[PDB]
Structure formats: C-alpha cells, structure tokens
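Taking it in order: structure first as structure tokens, then the write-up.
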Amino acid sequence: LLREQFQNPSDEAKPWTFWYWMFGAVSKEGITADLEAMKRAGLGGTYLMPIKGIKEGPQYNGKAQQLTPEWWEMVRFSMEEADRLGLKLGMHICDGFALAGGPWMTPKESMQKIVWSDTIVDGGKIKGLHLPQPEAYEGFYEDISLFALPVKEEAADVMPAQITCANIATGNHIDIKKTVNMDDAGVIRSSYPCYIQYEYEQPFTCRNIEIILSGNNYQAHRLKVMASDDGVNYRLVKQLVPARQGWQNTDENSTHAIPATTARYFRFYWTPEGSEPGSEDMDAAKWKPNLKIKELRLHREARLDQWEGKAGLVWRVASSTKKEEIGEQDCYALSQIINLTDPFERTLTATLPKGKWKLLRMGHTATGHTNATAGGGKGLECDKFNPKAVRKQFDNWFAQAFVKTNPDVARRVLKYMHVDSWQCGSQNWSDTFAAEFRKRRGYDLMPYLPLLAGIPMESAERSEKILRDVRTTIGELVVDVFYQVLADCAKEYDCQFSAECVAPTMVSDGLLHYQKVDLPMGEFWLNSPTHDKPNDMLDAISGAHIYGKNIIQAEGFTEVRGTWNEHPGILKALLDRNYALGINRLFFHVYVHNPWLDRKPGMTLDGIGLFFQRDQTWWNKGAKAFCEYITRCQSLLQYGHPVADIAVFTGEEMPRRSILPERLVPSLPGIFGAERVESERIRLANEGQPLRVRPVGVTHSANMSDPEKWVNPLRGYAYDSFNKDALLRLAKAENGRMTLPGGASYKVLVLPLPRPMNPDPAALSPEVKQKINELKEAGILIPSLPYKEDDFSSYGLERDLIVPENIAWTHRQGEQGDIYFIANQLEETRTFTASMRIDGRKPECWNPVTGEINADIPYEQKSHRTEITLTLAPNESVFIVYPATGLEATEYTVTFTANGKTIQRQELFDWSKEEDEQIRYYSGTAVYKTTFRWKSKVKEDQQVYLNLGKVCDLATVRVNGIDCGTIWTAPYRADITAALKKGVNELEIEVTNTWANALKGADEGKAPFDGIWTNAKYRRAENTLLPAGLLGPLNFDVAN
Ligand SMILES: [Br-]
Ligand SMILES: [Br-]
Ligand SMILES: [Ca+2]
C-alpha cells in the first residue's frame, strides 16, 4: 500500500554515497567510524573507490597503496564491517574514477587508432626503399595497407611565409599590452580585434587551414579568411565555423576547408563579436573570449572539412563538406590508386607508371590513454572493441575482490558493479573492426581506408556517407562489445550493473548503452556551472524511460570548489528539480575517508565537494533528517511508471545524444511561450560576451544556460529523447499512442528542425521513414514545425499540470493510483492554484519532511480537471496523491559542545558578533536550555507549534525531554502539542552551523578549539564571518 511505503519505506528507497579513499591513506579505525556514521544517517550502501596513491600524496604517509596485501586487508575489513551493519557495497571496474584501465594492459591490448606516413617519389622502378615510420606509442605499431596515389599537383603541400599582425580595435581603455602579439615561439595571443597576415614569395594555392592549439581555444575556430594578389585589395574566402565539441578535445588538431584560393597574401581577421555562450557541446566557449593559436598550417592538398572528427578520432559534429570546397577534381577514384600492400624496419620494391606518386603507409597504434586518477592500479585503458581485453579488465580488478578478501562475505555484500562517466577519448580501430564493419554495414571498408586521413574519394557526398558508417559502427561496438561483455560478467557474479554517460568524449549514440545495464545513472553539480552536465542527466533519464529501467540513479552535489558554508537547507531546491527531471535514487558526491580521528574536518578530494562525511558539523542530526526526507520522496518516486506525453527523435547523425530543452525552442516556440523565445534571442545574441565568477576563482561565460532557469520549460508537458534503436526495435502503436516495454506511452512524436548537433540534417533512412508513417496512420501526432500554438489541446491533449513558473514537478501512475510531486524553487512563501489532468478523484497532500498525511484537503472539479490551492514555504515540496504570541523565557544557559564554554544570557544572539573569540569563530553545536510557562491545558484538536524564527543553520527541539524534531528547512517550526503541560515546561534546543567560521579563525591563528585541519584549500572570497546560532525570535502558533 502507498501509505505504508511512505511511512515504512523499503531498503531500495534509501539514498547511497560514493566513498573515496585518498592517496592510500586508510585506517581501520576510520573505516569503522565511517560505516557506522553511514548506517546511523540511514544510507543503504556505498560505492568504494580509491583515488590516487602515495606518489601523488607522500605527505599523508599512506599504508594502503592499491593492490598491495595491506590494501586488500582494508577492503576485507570494510566488507566485514558492512556485513555486520547491514550495508551493501559496490566497486568500480578500475582504480580511480575512470574508466577501464590497469597495469596488466599492453599497447596492443589498449584503445587503437588509424595512423599514417607520407612521402612523394618519382615513378618507374623502385628498389629497396625505406619508408618513414608512423606514430608508434611506446614502440608499438602494425602495418595494415600501403597505397600509391598519383599526385594532383606537383607543387609542395606547404610553403615558407612571413607572418605579421595588426591590432584594429579603437577607443577608450585598451590595455595596449593585450593587443595582438607573437612571442618567441610563434604563439599568437590577443584580447582585441586584429588580423594575422601570411605573405608568400610566389602565389600559393591553399585548400585548408590546420589550426594547432596549446590546450583549448574556441576563438581560434572563428577567424575570417581573406586573400589578396596585390597586397591591398582583399577578397572574402570564408568565415570559419567552430565544430561542436566536448571537454576532452585536445587529442587532434582541426582542419577547416576553404574554396581553393591562389594568392600571395592571406589575412586571418578575428573579433569576439558573435560568440556563442558555453555549453556541453561547445565546451571551450565557456572560457574567457581571448584568442590563442600555437600554429596555423596552410595546406595545398585537398582534405574533407573537419575530417579529424568525421573519422572518429575525437567527439565532434560539423556540417558536410560543400561542393565549392571539394569537387570532382579534388577526389580520387578507386581505379587511380595502386595498392602496394603485398610487396613486403622493412623496405619497398616494385614498379609504378611514370609520374610522381604519394606513398601513403597506413597502420594502427595505441591512443595513449590511462586511468589517470588511479594509484597502484594505474595503466593503459582497454581496447573497447576487443571482447578478450574487456574480459581481462574485469578479471584483474572487480573479480579479484571475491578472491583476495573473504569469498563468502564478498558474495553477501558486494552486489553492485559500477562504470562511471567516460574520460578516455575516442578510438576508431581494432583487429576486428574491418569484419564488424562488413557484417553490420554491408560493404568493405578496406579500399576506402584513406578516408580516415581525410583524403576524399569519388565525391564529397560519397566520402562522408562512408565516414558516417565508420562512426555508426564505432558506437555500435561500444554497446555490443564493452557493455555486453560487462553485462555478462555482472550477471555471472550476481551483481547489478550501474553506468553513467559515454557522451561527450567517446563517439557514440549517447542513449544506446543504457539498454545493457540495470541502473542508468546521471550527474548533477552544486554551484559549478562550468562542470555541470545537464545533457548527461537527460541521457540517463531518457535511456531509462525508453529501455524500461525503473530505478534511475544520480551522482549529486558534485562541487568543483567547496567553501564550507554548505548545509542541507541550501541543497533541497537543487535536489528537487532533479527529482522533477525524473531521477529516483540519489548517490551523494562525496563521502571521503578521513583516516585520522583527531583532525577535523579532515581528508577531502582536494577541496572538491560536497563535503558529506562524519566530521561535518551537521552530520549527526542534519545528514540523518535530510536522508529521511530523501527516503520518503524516493518511495513514491520509484512507484509505478513515469508519465511523459512527448517523444523527441534524436536523428541519424553521429555522434548523437539526448536533446537539451533550449535546442527545441525553434521547433516548438508556441509550447515554450513568447517570453522564453525572447529571453533566448537575448542570451544567444550574447552582447559584450559578459563574464561571471562562480565559484570563487572560476571565470566563465555569463550567458551559458543555467539549469535552475529551465524548470517546467514546456509549461505542463514532459518529454523524453528517443533514438532510432527504440523506434525500429521496440515501438508499437496502441490506442493512438506510441508504447515501449516497461511503461512509456507518448501521444506526440517530434522530428526536430536541423540543429547544432544535426545541422545537415542527416537524411532519414527508408526504415525510419516507414515506421513514422505507420505510427502516423495509427493516430500518433507528428506536429508540423515550427509549432506555434500554446499547447496541444486542439488535438485532444491537455497539459498534465498547470502551475506558475519556478515550480518543478513530475507525475507517476500505477494500479494504486496517481502521484504528482510539486516543489517551490523560490526562497519565498507562495500561494497558487495547481490544476491536474485527473477527473473525479479525491486528492490528498503528503508532506515528505514530516511524514504527515492530510487526506481531506479542499478541492474543486472544473472542466473535467481537479484544482487545489497550495501554500508552499521557501523551497518546500509536497506530494498530491489520488487513490484508484511571544515566548517568554527565563535565563538561557548556552553550552558550546566542542570547547566546553558556557554562558548566561537573557536575549538570543549571533555567535559571530561576540567579543570572545572562542564563540565568534565557533563552528559546531551549541545547546540552549531555558523554561517557559504554558497557561492552559491543551484542548482536543488543538495543535501547537514553536516557531523558531531565523535558525543558522539547523535546530533540534526537546520539550520536557521529548524530541519534537530536527528542523532543517522552511517552515522553521516544531510540533510540540504532545509534549506540552500546564505550568513550567523545560525547553532544550541543539543548534549547529557550518565549518566556515572556524576555518577562517584557524587560518588567522584564532582557532576556537584544537584539532582543526583539512587539505581543502578553497575559501569564500568575501572574508566575512557568517551568521550563526538561534537568532529567533521564538513564538507560539496555536490552530486546530
Ligand atoms: Br578547442
Ligand atoms: Br542540438
Ligand atoms: Ca562522473
């Protein structure tokens, strides 16, 4: 029954934590203390993951380097203690937090890429010729083919150039030293509009520019190319366009094609005007809009536009190459190419026709990626397309946890196998790739292998059709090999399989892998706009919904710079909007193991939060009460199936992933509303490229999308993104709706306009065209775009929930009835109407903070909907469920637990404004004791609240020794009804703040007690003491 799930939730409803072991510094005494704290807070389990080793942190004197006998003894003891306490465990598939590496992997067994070497020679008879050796990682390299291409032009690929620059920006304060300049090594820097000029001795013909960088630089890809024969009259060649790109973009340079241009002078003009704001698919646009280029390489030999990404070496999306850029005469036919593979530190002997020929020697080598955050378990990443390599990774780490510990205990407690978010670049080859390509795509890749160096063949269109097939195959192999093999291994060891995202680092369909896993998992960050991953969150939730996975996990509260002012009151709105998106099992990031019992707050992940661990000031009472709210919420939010009326198709480009709401605004302007259309015009215009600092010390693009401003963006409908695999393999028409196994059922199917991640757009395959037609004939609404009405009520599809803005919500339904989660996102008390798409059933209001149920709230039935009036306090949330006078106190005694000080006061006070330093700089818990008089006996159906006024930051209330609650969020009041008596009552309130004030104290030689230490170095920029204590005033509230 719903009422007993809410009141006595199951173990599946409890949140979990990540548990990080730092630098091999681990102790048994800390393990016991940590696991007991976790059990007392009400967590269900933890994922044990060690991060770095003694080399990275020698000062900590760690005795538990990964994979040593001493380390395995800590893992065994942890398992033993988890069993005693009734907690469960998981571990990741490698040391560190990403991804699938270890010291047992050789270069041959690691991720592979196609590499090559060039040389030009005269034809006729060739004899014992040595060829240049391609890139070989640690000396590993293997030949595949050797091609001979008849040169298109005899002139050289590059020529010498005199390089100069010129500032063109005028007026006002222009820091003259930040105008364009070139250093000793040729590196070009600028913060103001400028040109860079290349002068050739004789006219040069340029077909593309290879842009080479030091790190990332969005602005480098926005140059405007101009050319001149006479040194004064210049003509426009091309405005360059940045390719879509993710945070791991540095493994390859970028080639921008132009129309073939013969000139003595090339000018590259730059301005920051017209820049796009940062996002997950233009990651470098997050950073300051300054220009920085290591080298521009102007090439003569023809190449496809942005080929590095199109060959799958790196995660990128760009437009197909225009005919103006690569025409018939720029491509090679198959009959022109002479394959010299058969003719054998090797040499070549054979004979060519007369003329000059390019000797293109192709092969493969390792990409060079490692599980970089590992300690003892660090080495090369496994080949993701090789099933024996993938199995080997499993056997050498995760499988060993059932052998090198106690095997019977391991089998009871270690029930979860995790793979985290991908951080190992991309790969475009393996020994099996040709054959896999052959079965799946229906033709041979091998004669076309020079496409993977960007050398065009037959036509531009034909070259790019095949390169898309290479990319498609890459993504298919991530799922059918790496995930498939790991899923077999997990089932063999009786483990559940959780996984986070593959996008935006590895070429993939970002949703596709979620079919092979039990527990899709997303990520959401606290106070970290440059590192948040809302598109990851939508990949995991969309994947779960379309592939029928009921439990959706999330790595929550990850904080790029923690500053020790975080407590549960300021985490609630963040959590609730991610519940509205559709997660239902939270994993806290992060609980770090503190091996010392006399250092507080102790060891952290170099100051990366959330600092969620036993030595937090608010752990004992605050972590517990938060986790109780979380468990009540998650009991209802795992019930039944989620409701979503709209499916949005993710297309046929590669790579691909779920679609962010902002990118749908041009398709559905009516649904989003005019105010959203207008605010988006202004944001994307991005006038002045404004900067924001958040957190302390992280300067970034101010107009980047903020997920807090995208609550209920379709104004009462919900959507999932939806891929070709689900369309072709799972979708079925039933009663005018598109259904999928596991409970998804959509009335609308959107085929969005061309968009930044699908700009061509990629043509729909005949099979996709066929299924869409079928679904349309069966009653599924395929709207005509742009869709301009406010909603879909014209077609019989009303909004699910009608509420005002800044109200986050979700809807679940099953045999026992319907549930709406409704949450206030503002720091304001608000009263509003909520209108739900439910006809003639009685609603109830269930309160997740307190566990109270009000089964008889007022409501009105109107036009076959149900309306209620809700009052929500700041950040307050509620579930709507449908079945099928001043205090007058004596002298306060206030006792500061951590340092034993006690004082006597008549009036309440802010700790941070006291003259005594041991109070002024205090962080921790203080116990207030007083008495008050109650006039009359408590009547029947009379309810009394003690209102606490302003609490900094949480308070537990006790009346005549009876616990009346831990108060951590609005409204700040406790129900004292049952504890009251006539006469004098005893009043005790325990109040706890955050660590900020004590750390500022300790930093300045004014620590308020002994034993303060942390490796977390970041602090609030403001340099102020925060408000602290029970500020009041205290008041009674009597009602019925
Ligand atoms: Br870049
Ligand atoms: Br897009
Ligand atoms: Ca992650």
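Each ligand, and each atom within it, is numbered from 1 in the order the structure gives. By convention here, the first residue in the shown sequence is residue 1. These values consider heavy atoms only, across backbone and side chains, with no hydrogens, waters or symmetry-generated copies.
Centroid-to-centroid, the aromatic rings of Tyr514 and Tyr547 stay 6.0 Å apart or farther.
Under the 3.5 Å distance criterion, with hydrogens and angles disregarded, no donor-acceptor pair is assigned to the side chains of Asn686 and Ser275.
Note on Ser421: counted as a metal contact of the Ca ion (ligand 3), an N/O/S atom lying under 3.0 Å.
Contact of the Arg585 side chain with the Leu519 side chain is registered, since non-hydrogen atoms from C-beta on lie closer than 4.5 Å.
With the Ca ion (ligand 3) as vertex, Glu523 OE1 and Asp420 OD2 subtend 140°, rounded to 10°. Vertex the Ca ion (ligand 3); arms to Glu500 atom OE1 and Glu555 atom OE1; angle 80° (nearest 10°).
Summarising the geometry, atom OH belonging to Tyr719 is positioned 5.5 Å from atom CG belonging to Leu538; distances are rounded to the nearest 0.5 Å.
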